[PDB]
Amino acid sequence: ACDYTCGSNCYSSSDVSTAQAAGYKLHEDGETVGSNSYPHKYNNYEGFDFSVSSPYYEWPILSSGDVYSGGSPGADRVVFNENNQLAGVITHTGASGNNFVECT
């Protein structure tokens, strides 16, 4: 069973922890990857009820199982905070335009 289901993509907790660790490391070092500069601030315009405090940062999680290193980020993202706490896993899949919905 999937711990997080983003559309058709299936992710386990280990998939999320691995992606999160990479994104947080880049955040700490003040570095970014890709043309859209990840990781970067996630403003939460959607208004999700996150259990952890802001600021939030978004980082791509890939269905391939690889850690994001540039190029197309796909539709899925892990959102973490300043303390490297997982806020949640969100996706563009099933959401209009560039909006997000939570992965179930």
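From 1 onward, residues are counted along the sequence shown.
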- Note on the structure: Averaging the C-alpha temperature factors as deposited, the higher value of 73 to 81 versus 50 to 58 falls on 50 to 58
- What's the residue among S12, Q20, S96, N9 with the greatest CA temperature factor in the PDB record? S96
- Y45: CA temperature factor from the record, placed by chain third, in the highest
- Split the chain's modelled residues into thirds by Cα B-factor; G65 lands in the highest
